[PDB]
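What follows is a short report on a single structure.
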Amino acid sequence: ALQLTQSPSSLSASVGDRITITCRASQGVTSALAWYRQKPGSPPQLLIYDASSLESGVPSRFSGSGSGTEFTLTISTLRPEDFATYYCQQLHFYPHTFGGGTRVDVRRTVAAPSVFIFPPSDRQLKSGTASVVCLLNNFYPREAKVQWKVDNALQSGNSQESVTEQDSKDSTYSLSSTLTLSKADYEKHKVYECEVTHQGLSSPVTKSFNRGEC
Amino acid sequence: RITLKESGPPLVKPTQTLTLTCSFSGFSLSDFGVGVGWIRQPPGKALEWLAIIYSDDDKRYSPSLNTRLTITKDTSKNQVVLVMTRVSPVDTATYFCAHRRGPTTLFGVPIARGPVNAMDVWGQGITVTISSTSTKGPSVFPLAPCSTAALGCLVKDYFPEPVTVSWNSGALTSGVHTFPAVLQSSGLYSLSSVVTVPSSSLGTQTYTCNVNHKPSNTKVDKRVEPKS
Amino acid sequence: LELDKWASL
């Protein structure tokens with residue numbers, strides 16, 4: 001489905017706050033635009049249809065406006081259940097399309113991540129695989145970048161990461177990134193570095209270890 | 001009250017055909033202008049429109065998946081079926097069917113098309129994983145940093161989801177982070193669980209992660225402790 | 001490119 005850009009892609013906020021999300025379309029979609037709220041683990045829920053009409057049963061705090069290529073969703077007074085992801089959908093052209101979504105989370109003071117790197121266990125190595133894991137603990141905001149380096153070579157395509165949901169009383173996130181290599185390859189290099197970039201960090205923080213260095 | 005519910009295989013192997021069924025109530029696919037569409041959502045990603053079928057049997061498909069999709073409806077059974085052929089790992093996603101209203105009519109005349117500009121009701125969604133792997137318990141590896149402190153367990157190569165992970169049989173919860181599993185290119189899942197401690201507690205308390213993979217009858221307790 | 005079912009009614 002079709003090209004719709006939501007802004008911002010991420011938004012921090014607090015209960016009682018007033019927020020707005022915008023959706024810009026690559027071409028005019030008249031008023032054929034819907035806004036949905038998707039709570040974690042639930043299906044999207046219609047909020048506004050036809051750009052500004054309020055779906056029955058939806059609280060009045062929600063309102064949408066705009067037409068053509070610019071639309072906004074505003075939540076006059078943010079409530080706890082509004083910390084969710086919002087999507088716009090254009091239904092003027094096929095394929096109908098959704099925006100990339102706008103994540104709305106609990107605002108708090110920036111918090112740099114505590115970074116740790118874990119070399120693979122000799123146990124895993126005996127199996128023929130080497131997993132190197134990098135943990136970014138309790139940080140905020142959610143956006144963080146992790147780069148893997150093996151003897152100064154930037155790694156690509158051989159790592160996966162996952163982030164936790166925002167902690168309910170910390171309001172922080174944690175990220176785990178695993179670099180996977182074969183024992184053979186693992187044994188062909190010495191320095192395994194995990195570089196982390198985050199708003200809460202003046203400069204990138206690197207955590208590393210020298211394989212074998214015991 | 002309109003309700004929709006998706007049904008289908010929770011697991012499908014690559015190249016196979018995926019048939020999803022949307023069972024609904026509260027409306028008929030013989031009602032004027034009503035549409036039932038399908039939207040998918042890969043874990044962690046945005047919504048993606050797949051197709052829609054209307055009461056008059058008009059049909060539309062995502063141009064990207066057109067060759068692999070077929071949508072059909074069974075008016076009498078209140079069902080809409082979506083068939084996706086030649087599925088691949090990238091098709092793992094939560095698939096939702098949703099209702100689209102038809103124009104408002106008055107004494108048989110469409111007087112308002114405003115309501116068609118949305119998918120007003122969605123099903124709970126059905127999660128479909130595409131992997132060629134068979135059931136397989138994880139291997140649990142310790143996570144102890146080579147050199148305030150953090151330790152954990154790497155639950156690697158299991159299938160399918162889910163796996164349960166606790167620390168100290170459930171006594172340790174504070175500072176614990178069990179991350180969502182990632183589906184590796186091998187078609188197996190892998191996840192990590194870690195615990196952050198005051199370092200001081202590294203000599204005081206013992207840390208053992210409890211892993212349980214019900215699907216393969218794999219229970220494992222791994223005591224994890226500091227390096228050298 | 002492709003107009004929706006209800007692009008003008």
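Residue numbering restarts at 1 for every chain of the structure tokens, chains are lettered A, B, ... in their displayed order, and ligands are numbered from 1 as they appear.
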Practice item. Using DSSP on the backbone coordinates, identify all residues within segment 44-172 of chain A classified as strand (DSSP E); present the result as a PyMOL selection string. Key: chain A and resi 45-49+53-54+62-67+70-75+85-90+93-94+97-98+102-106+114-118+129-139+144-150+153-154+159-163
Review point. Which residues of chain C are close to chain A, meaning at most 6 Å apart when you count only C-alpha atoms, and how do they look as a ChimeraX atom specification?
Key: /C:2-4
Practice item. Restrict the distance test to only C-alpha atoms, flag each residue of chain C within 10 Å of chain B, and return the flagged residues as a PyMOL selection string. Key: chain C and resi 4-9
How would the residues just chosen look if you wrote them out with C-alpha atoms as a PDB file, in the first residue's frame?
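Saved the output as selection.pdb:
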ATOM      1  CA  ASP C   4     -10.686   3.766  -4.628  1.00  0.00           C
ATOM      2  CA  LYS C   5     -14.100   2.205  -5.024  1.00  0.00           C
ATOM      3  CA  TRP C   6     -15.843   5.231  -3.669  1.00  0.00           C
ATOM      4  CA  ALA C   7     -13.612   7.945  -5.300  1.00  0.00           C
ATOM      5  CA  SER C   8     -16.709   9.928  -6.205  1.00  0.00           C
ATOM      6  CA  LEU C   9     -20.146   8.580  -5.558  1.00  0.00           C
TER       7      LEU C   9
END
Practice item. Within 8 Å of chain A, which residues of chain B are there when counting only C-alpha atoms? Please give them as a ChimeraX atom specification. Key: /B:46-51,60-63,96,114-125,141-146,148,150,177-182,184,192,228
Please dump the current selection as a short mmCIF file (atom, residue, chain, number, x, y, z; two decimals), in the first residue's frame; keep N, CA, C and O atoms.
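Generated file (again.cif):
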data_model
loop_
_atom_site.label_atom_id
_atom_site.label_comp_id
_atom_site.auth_asym_id
_atom_site.auth_seq_id
_atom_site.Cartn_x
_atom_site.Cartn_y
_atom_site.Cartn_z
N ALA B 46 5.21 -1.68 10.76
CA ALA B 46 3.97 -0.97 10.47
C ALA B 46 2.89 -1.86 9.84
O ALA B 46 3.16 -2.96 9.41
N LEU B 47 1.67 -1.35 9.80
CA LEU B 47 0.54 -2.06 9.19
C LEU B 47 0.75 -2.11 7.67
O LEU B 47 1.32 -1.19 7.10
N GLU B 48 0.32 -3.18 7.03
CA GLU B 48 0.43 -3.31 5.57
C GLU B 48 -0.83 -3.93 5.00
O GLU B 48 -1.20 -5.06 5.33
N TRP B 49 -1.51 -3.13 4.18
CA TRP B 49 -2.73 -3.49 3.48
C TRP B 49 -2.44 -4.62 2.47
O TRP B 49 -1.56 -4.53 1.63
N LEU B 50 -3.24 -5.66 2.51
CA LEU B 50 -3.04 -6.78 1.60
C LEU B 50 -4.10 -6.84 0.52
O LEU B 50 -3.78 -6.97 -0.66
N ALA B 51 -5.37 -6.70 0.89
CA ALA B 51 -6.43 -6.80 -0.09
C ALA B 51 -7.77 -6.50 0.53
O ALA B 51 -7.92 -6.48 1.74
N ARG B 60 -9.65 -6.12 -4.68
CA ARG B 60 -8.44 -5.37 -4.92
C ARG B 60 -7.32 -5.97 -4.10
O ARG B 60 -7.53 -6.44 -2.98
N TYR B 61 -6.13 -5.94 -4.66
CA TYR B 61 -4.99 -6.53 -3.99
C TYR B 61 -3.79 -5.61 -3.93
O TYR B 61 -3.59 -4.77 -4.79
N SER B 62 -2.98 -5.79 -2.90
CA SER B 62 -1.74 -5.05 -2.79
C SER B 62 -0.96 -5.39 -4.09
O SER B 62 -0.83 -6.56 -4.45
N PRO B 63 -0.48 -4.38 -4.82
CA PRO B 63 0.27 -4.64 -6.07
C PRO B 63 1.52 -5.50 -5.83
O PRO B 63 1.89 -6.31 -6.67
N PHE B 96 -4.62 -9.39 10.11
CA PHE B 96 -5.90 -8.92 10.59
C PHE B 96 -6.86 -8.81 9.44
O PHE B 96 -6.48 -8.45 8.33
N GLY B 114 -18.74 9.32 3.51
CA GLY B 114 -17.78 9.56 4.58
C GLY B 114 -17.38 8.31 5.37
O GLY B 114 -16.19 8.05 5.58
N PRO B 115 -18.35 7.51 5.80
CA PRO B 115 -18.05 6.30 6.57
C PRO B 115 -17.20 5.22 5.88
O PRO B 115 -16.69 4.34 6.55
N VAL B 116 -17.04 5.28 4.56
CA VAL B 116 -16.24 4.26 3.91
C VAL B 116 -14.77 4.57 4.06
O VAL B 116 -13.91 3.75 3.75
N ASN B 117 -14.46 5.78 4.56
CA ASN B 117 -13.08 6.20 4.71
C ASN B 117 -12.41 5.79 6.01
O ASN B 117 -11.95 6.61 6.79
N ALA B 118 -12.36 4.47 6.19
CA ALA B 118 -11.78 3.80 7.33
C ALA B 118 -12.15 2.34 7.26
O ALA B 118 -13.00 1.95 6.47
N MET B 119 -11.47 1.55 8.10
CA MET B 119 -11.68 0.12 8.33
C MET B 119 -12.14 0.31 9.79
O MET B 119 -11.32 0.50 10.67
N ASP B 120 -13.45 0.30 10.03
CA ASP B 120 -13.96 0.59 11.35
C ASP B 120 -13.90 -0.51 12.40
O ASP B 120 -13.96 -0.21 13.61
N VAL B 121 -13.80 -1.77 11.98
CA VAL B 121 -13.70 -2.84 12.96
C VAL B 121 -12.68 -3.87 12.52
O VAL B 121 -12.69 -4.32 11.38
N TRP B 122 -11.80 -4.24 13.43
CA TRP B 122 -10.75 -5.19 13.14
C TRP B 122 -10.86 -6.45 13.98
O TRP B 122 -11.38 -6.43 15.08
N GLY B 123 -10.37 -7.56 13.44
CA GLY B 123 -10.37 -8.79 14.21
C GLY B 123 -9.16 -8.69 15.13
O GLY B 123 -8.31 -7.80 14.97
N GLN B 124 -9.08 -9.60 16.10
CA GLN B 124 -7.99 -9.66 17.06
C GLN B 124 -6.67 -9.92 16.32
O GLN B 124 -5.59 -9.64 16.83
N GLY B 125 -6.74 -10.50 15.13
CA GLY B 125 -5.53 -10.78 14.39
C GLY B 125 -5.02 -12.18 14.68
O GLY B 125 -5.24 -12.72 15.77
N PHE B 141 22.97 -20.64 27.19
CA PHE B 141 24.35 -20.29 27.42
C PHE B 141 24.40 -19.15 28.40
O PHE B 141 23.54 -18.29 28.40
N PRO B 142 25.42 -19.13 29.26
CA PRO B 142 25.55 -18.07 30.24
C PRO B 142 26.03 -16.77 29.64
O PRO B 142 26.75 -16.78 28.65
N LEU B 143 25.62 -15.66 30.24
CA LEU B 143 26.08 -14.36 29.81
C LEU B 143 26.74 -13.75 31.05
O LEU B 143 26.07 -13.42 32.03
N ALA B 144 28.07 -13.63 31.00
CA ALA B 144 28.87 -13.04 32.08
C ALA B 144 29.87 -12.12 31.36
O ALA B 144 30.66 -12.58 30.54
N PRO B 145 29.85 -10.81 31.65
CA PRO B 145 30.78 -9.88 30.99
C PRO B 145 32.25 -10.21 31.25
O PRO B 145 32.64 -10.49 32.38
N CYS B 146 33.06 -10.18 30.19
CA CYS B 146 34.49 -10.50 30.29
C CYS B 146 35.21 -9.79 31.44
O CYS B 146 36.14 -10.34 32.04
N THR B 148 25.10 -1.81 38.32
CA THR B 148 26.46 -1.72 37.82
C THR B 148 26.90 -3.00 37.10
O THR B 148 27.57 -2.92 36.09
N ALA B 150 26.10 -6.85 35.19
CA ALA B 150 25.06 -7.52 34.42
C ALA B 150 25.43 -8.93 34.08
O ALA B 150 26.57 -9.25 33.77
N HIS B 177 15.55 -8.30 32.67
CA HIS B 177 15.05 -7.95 31.35
C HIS B 177 15.10 -9.16 30.44
O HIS B 177 16.18 -9.66 30.10
N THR B 178 13.93 -9.68 30.08
CA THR B 178 13.88 -10.82 29.18
C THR B 178 13.44 -10.18 27.88
O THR B 178 12.34 -9.64 27.79
N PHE B 179 14.31 -10.22 26.88
CA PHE B 179 14.02 -9.60 25.62
C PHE B 179 13.16 -10.40 24.67
O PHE B 179 13.18 -11.63 24.70
N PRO B 180 12.39 -9.71 23.81
CA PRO B 180 11.56 -10.48 22.88
C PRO B 180 12.54 -11.28 22.02
O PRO B 180 13.66 -10.80 21.75
N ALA B 181 12.15 -12.50 21.65
CA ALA B 181 13.00 -13.35 20.84
C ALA B 181 13.05 -12.82 19.42
O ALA B 181 12.14 -12.11 18.99
N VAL B 182 14.13 -13.15 18.72
CA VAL B 182 14.30 -12.77 17.33
C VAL B 182 14.27 -14.08 16.54
O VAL B 182 14.71 -15.12 17.05
N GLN B 184 15.73 -16.01 13.75
CA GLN B 184 16.96 -16.02 12.97
C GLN B 184 16.72 -16.54 11.56
O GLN B 184 15.70 -17.17 11.28
N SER B 192 17.45 -13.40 24.77
CA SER B 192 18.36 -13.26 25.86
C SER B 192 17.55 -12.73 27.03
O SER B 192 16.52 -12.07 26.83
N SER B 228 36.37 -14.94 35.03
CA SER B 228 37.58 -15.50 35.64
C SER B 228 37.39 -15.85 37.11
O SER B 228 37.80 -16.97 37.50
#
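In this structure, atom CA of residue 25 of chain A sits 17.5 Å away from atom CA of residue 74 of chain A.
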**Study point:** Those of chain B in DSSP helix (DSSP H, G or I), formatted as a ChimeraX atom specification
**Key:** /B:66-68,75-77,89-91,114-116,168-170,201-204,214-216
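The two atoms in question, atom CA of residue 135 of chain B and atom CA of residue 154 of chain B, are spaced 18.3 Å apart.
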**Study point:** Residues within 9 Å of residue 107 of chain A, only C-alpha atoms, excluding chain neighbours under 6 positions, as number ranges by chain
**Key:** A: 11-14, 140-141, 171
Just-selected residues, N, CA, C and O atoms written as a PDB file, in the first residue's frame:
ATOM      1  N   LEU A  11       7.230  10.057  19.678  1.00  0.00           N
ATOM      2  CA  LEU A  11       6.823  11.214  20.456  1.00  0.00           C
ATOM      3  C   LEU A  11       6.731  10.867  21.929  1.00  0.00           C
ATOM      4  O   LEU A  11       6.060   9.908  22.298  1.00  0.00           O
ATOM      5  N   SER A  12       7.406  11.644  22.768  1.00  0.00           N
ATOM      6  CA  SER A  12       7.374  11.413  24.212  1.00  0.00           C
ATOM      7  C   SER A  12       6.321  12.362  24.754  1.00  0.00           C
ATOM      8  O   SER A  12       6.140  13.450  24.223  1.00  0.00           O
ATOM      9  N   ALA A  13       5.626  11.957  25.807  1.00  0.00           N
ATOM     10  CA  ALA A  13       4.582  12.794  26.358  1.00  0.00           C
ATOM     11  C   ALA A  13       4.194  12.367  27.758  1.00  0.00           C
ATOM     12  O   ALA A  13       4.689  11.377  28.278  1.00  0.00           O
ATOM     13  N   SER A  14       3.301  13.119  28.381  1.00  0.00           N
ATOM     14  CA  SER A  14       2.887  12.773  29.733  1.00  0.00           C
ATOM     15  C   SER A  14       1.380  12.912  29.841  1.00  0.00           C
ATOM     16  O   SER A  14       0.769  13.661  29.089  1.00  0.00           O
ATOM     17  N   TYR A 140      16.850   6.009  27.753  1.00  0.00           N
ATOM     18  CA  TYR A 140      15.753   6.825  27.256  1.00  0.00           C
ATOM     19  C   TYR A 140      16.359   8.068  26.638  1.00  0.00           C
ATOM     20  O   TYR A 140      17.274   8.664  27.205  1.00  0.00           O
ATOM     21  N   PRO A 141      15.844   8.495  25.479  1.00  0.00           N
ATOM     22  CA  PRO A 141      14.738   7.864  24.759  1.00  0.00           C
ATOM     23  C   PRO A 141      15.059   6.503  24.141  1.00  0.00           C
ATOM     24  O   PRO A 141      16.198   6.017  24.206  1.00  0.00           O
ATOM     25  N   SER A 171      10.234   3.852  32.898  1.00  0.00           N
ATOM     26  CA  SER A 171       9.923   4.582  31.666  1.00  0.00           C
ATOM     27  C   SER A 171      11.144   4.508  30.745  1.00  0.00           C
ATOM     28  O   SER A 171      11.287   5.290  29.805  1.00  0.00           O
TER      29      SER A 171
END
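Among the candidate residues A:143, A:169, A:103, A:181, the one lying nearest to residue 45 of chain B is A:103, with distances computed using only C-alpha atoms.
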Review point. Using only C-alpha atoms, which residues sit within 10 Å of residue 36 of chain B once same-chain residues fewer than 6 positions away are excluded, as a VMD selection string?
Key: chain B and resid 4 22 24 29 51 to 55 59 71 73 79 to 81 97 to 101 119 121 to 122
